[PDB]
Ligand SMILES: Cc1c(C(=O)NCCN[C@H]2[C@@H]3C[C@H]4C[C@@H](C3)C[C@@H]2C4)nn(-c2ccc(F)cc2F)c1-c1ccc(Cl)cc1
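Quick setup: one chain, the form deposited without the named molecule, written in structure tokens, and binding and motion questions come after.
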């Protein structure tokens, strides 16, 4: 197989170098148009019942724009707010803002337009102290992103009201700073880590071209990845955290892939055959190695397709495109580029034997007492997977930002004087058939059915006042064919129980019950994730194990690899749990202990499983190819793992630098992911490969291979069994 590829690839070097760059610069420049298009809202499971209830309710009554952006006004000099002067000034400023930006807002409404009101809806919104009062601004928008952009437009003067000492609250400021933190963090990463990423791999090489090549190809790969998944975005909206994660994954993985091939080609040109033969056997081995690692990681990541959450789909598409394009980038153009480079690789300039001796003696002292080198780490790793039991999960909120932040502080201050204007109630949608008003008793009978259960919010202290109709906006389409009511579950820890009891309620004659609302919206997501988790885990195990069995003929290695990766996964996620849901360190790292998001764990399990498995197979490719040189396993272990230690450690440190750069973020979730990758890589690099692979490898003796031939022949006739060089 791959001999044909080498024999045809040294033929075309200049042509390939031209065409690949000429066709990928299109995506490189096309990524800006991706930078234009952004979506933010999709986090909930699209196919559940709460989303359908919300959709039909939004159809019947429209959307309520009272909670988009909220400003807290405080008067200078501590003056009675009921005066005329300061109120006149603020109304002047606000109606000037209203007229100046017509399309963004509808206007302003609240207490401050009511001099002497009677109804305790806006007079009671004024604090008894009369030193803070909030007045809301509804925003005209077609959908979510249009509203967010309109609020971004109206930022300057709407924040520059009076002296500028009024604070802004609501969902829109939170979303705006959430999406601004992503850009700030991306700028910080691309300014800080990239120099370190380049110089670390430069020092281990002391070379110009050999150090520049991994970055040169990683940038092209990520540019193509954004181009491809933007082309996808025409058929499916892509979320905005797809911007930093594509960097976070692709940079490291593409640099790793290029680094392996560069190292092999250089170590083979320097010692063995000439340029062409060395590069063709270099592709012979490393091209299939990196291709197998890429197919393993895509097979491990595609199980995320099960979850219907949109941003998960976007992340999966971006990462699979990134890695499968980096694979073909590394195998195709790199071989020809190095072949035409020839002696120019290390000629640019600015230990070998001592380093190989240190590695060999470390391996031998592992062989001194391999079981004593594995039992303590085996015990401590389960000791580290213990703390996952106190795990708790929840949705996104305003506490996902550092407490020192201005918008978070303002939102927290909003509830200091306004107790119950920020409510998240549970909704009961109706299901009417005829389309004209059938009966007026249905609201009463559903009220009684809800009354069959106790433990709910009865602030009015009236048996009937509970469960009132939703405030219907005039712009909505009032179809008398579906009815919505609302009220709030008090303690959101009993939200699951209340939702279960309410969904179990009687659906009346011709009436079908629905349960919407933000608690149900954020609970159906976690329920769907926990229901689709088992098949996700089953495929993540089986597909990866079988696929990595096809790389090399042995069948024992997949078995050991499966539980070597799964236990590392458990250990790193347990360390993350003990660190975050308990906030151990927050005090110093400026975040808050809070439950993690539902989809983040589902993403992280798959991604770290893929990373651990691919790093392990990168290490063990030499381990398995060394034996069929006519040697036994005792020499093969050292032969495989001696020269590999120089390069994988540098690559691991590169990904560690990228993750550490992402650690300095503001959002808690990117901190979660970055620490997860740091801990998983640090474990699998420092301790796992260094005292666990040989520890079980020698203990398994020469039995390590024991490959049945009835499947070994199938392994052979795929053409990819060429693990021996002539």
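Positions refer to the first chain, counted from 1. For the two forms, the rigid core is made up of the largest set of C-alpha atoms that agree within 1.5 Å on superposition.
Although not depicted, the form solved in complex with the named molecule is the subject of the following passage.
S.K.: Answer with open or blocked: the shown chain lacks the ligand, so superimpose the named molecule from its arrangement in the bound PDB entry and check for 3 or more ligand atoms within 2.4 Å of backbone or C-beta atoms.
M.R.: By the 2.4 Å criterion, blocked.
S.K.: Assess the spot marked by 484, 489 and 514: is the named molecule within 4.5 Å of a heavy atom from every one of these residues in the bound PDB entry?
M.R.: Per the other structure, none of 484, 489 and 514 touch the named molecule.
S.K.: With the partner left out of view, is residue 256 within 4.5 angstroms of the named molecule in the bound PDB entry by any non-hydrogen atom?
M.R.: Answer yes; at least one heavy atom of residue 256 falls within 4.5 Å of the named molecule in the bound PDB entry.
S.K.: With the cut-off set at 4.5 Å between non-hydrogen atoms, does residue 303 touch the named molecule in the bound PDB entry?
M.R.: Judged by the heavy-atom cut-off of 4.5 Å, residue 303 is well away from the named molecule in the bound PDB entry.
S.K.: How about residue 260 - does it come within 4.5 Å of the named molecule in the bound PDB entry, if we only consider non-hydrogen atoms?
M.R.: Contact with the named molecule, yes.
S.K.: Within a 4.5 Å heavy atom cut-off, is residue 293 in contact with the named molecule in the bound PDB entry?
M.R.: Yes, residue 293 is a contact residue.
S.K.: Using a 4.5 Å heavy atom cut-off, indicate which stretch of 23-31, 47-55, 671-679, 687-695 touches the named molecule in the bound PDB entry.
M.R.: That would be 671-679.
S.K.: Just give me the single entry in 249, 598, 551, 623 that has a non-hydrogen atom within 4.5 angstroms of the named molecule in the bound PDB entry.
M.R.: Spelling it out, the residue with a heavy atom inside the cut-off is 249.
S.K.: Which residue, 655, 557, 426, 147, is the contact with the named molecule in the bound PDB entry, using a 4.5 Å heavy atom cutoff?
M.R.: Checking each option against the named molecule in the bound PDB entry, the one that comes within 4.5 Å is 655.
S.K.: Where among 238, 576, 339, 521 does the Cα move by 2 Å or more between this form and the one not shown after the core is superposed?
M.R.: That would be 339.
S.K.: Given a core-based superposition, decide whether the C-alpha of residue 279 shifts by 2 Å or more between this form and the one not shown.
M.R.: After core superposition, the displacement of the residue 279 C-alpha between this form and the one not shown reaches the 2 Å mark, so yes.
S.K.: Has the Cα of residue 595 moved 2 Å or more between this form and the one not shown, judged after a core fit?
M.R.: For residue 595, whose C-alpha is compared between this form and the one not shown after core superposition, the shift is less than 2 Å.
S.K.: Checking residue 412 here: with the core superposed, does its CA move 2 Å or more between this form and the one not shown?
M.R.: Residue 412: C-alpha displaced by less than 2 Å between this form and the one not shown.
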